[PDB]
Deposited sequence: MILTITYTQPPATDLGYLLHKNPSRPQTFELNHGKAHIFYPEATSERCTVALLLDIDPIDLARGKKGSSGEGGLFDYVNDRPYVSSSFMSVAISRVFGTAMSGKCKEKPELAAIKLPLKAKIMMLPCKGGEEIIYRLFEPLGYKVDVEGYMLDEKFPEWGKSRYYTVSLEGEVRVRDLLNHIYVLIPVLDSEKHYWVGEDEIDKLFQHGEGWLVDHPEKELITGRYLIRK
């Protein structure tokens, strides 16, 4: 349910200009079935981190159609929030730093609680062709009860040098590919421009 992005090229607060959310101005955006908060846990010249926080309403609607993991996972609602808070930043448009927006920046990202039926392997297959160094962490369903075994949640960390708009567009497209049951619960090629056609898993992504 959380996306973080981190930039460390001093003046790191320049990350704010590329995203257009002034680090001193936390904001809330309203989605279908909830809302989304954007704020900067850290904004110094040496380190700047943005945070995208889903606030999904469980009541907005079997017993488990009321008791589900929806409000706590990086589902397709994450993509929808991305296109809503970092709207323009995905169009490469930056003003006060037009060239920062122009070149590959050294960047890090973290997507929490990605529900992937396909596990680690499908996460790499989607992200490493795009030039990311990818780190994946898994979770046990309940540490009290190891006998229940692994969850199919994964938290994905991305480290790479890329344009801010590619990063946002990568995550926007690739997240709902892992969300197998989005059908239970926005146009493509305008978002995959530059990278999608050449991606090894493009049939699978489409």
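The chain's deposited sequence has unresolved stretches at 62-72, 197-202, 224-230, with no C-alpha coordinates there.
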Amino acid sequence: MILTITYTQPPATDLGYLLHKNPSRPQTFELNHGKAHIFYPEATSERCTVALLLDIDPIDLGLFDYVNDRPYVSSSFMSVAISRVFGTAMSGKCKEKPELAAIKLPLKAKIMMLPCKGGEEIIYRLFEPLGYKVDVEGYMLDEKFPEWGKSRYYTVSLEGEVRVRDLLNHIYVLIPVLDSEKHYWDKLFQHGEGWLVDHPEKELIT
From here on, numbers count along this sequence of modelled residues.
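Remark: stretch with higher mean C-alpha B factor among 83-91 and 129-137 is 83-91. The deposited model assigns a higher average Cα B-factor to 188-196 than to the other stretch when 188-196 and 7-15 are compared. Within the group 142, 181, 166, 65, the record's highest C-alpha temperature factor is found at 181. Taking the deposited Cα B-factors for 98, 118, 71, 106, the highest one is held by 98.
In the PDB entry, residue 51 places in the lowest third of its chain by CA B-factor. Sort the chain's modelled residues by C-alpha temperature factor and residue 59 lands in the highest third, per the entry. Among the modelled residues of its chain, residue 31 has a C-alpha B-factor that falls in the highest third according to the deposited record. The entry lists a Cα temperature factor for residue 102 that places it in the highest third of the chain's modelled residues. The entry lists a Cα temperature factor for residue 1 that places it in the lowest third of the chain's modelled residues.
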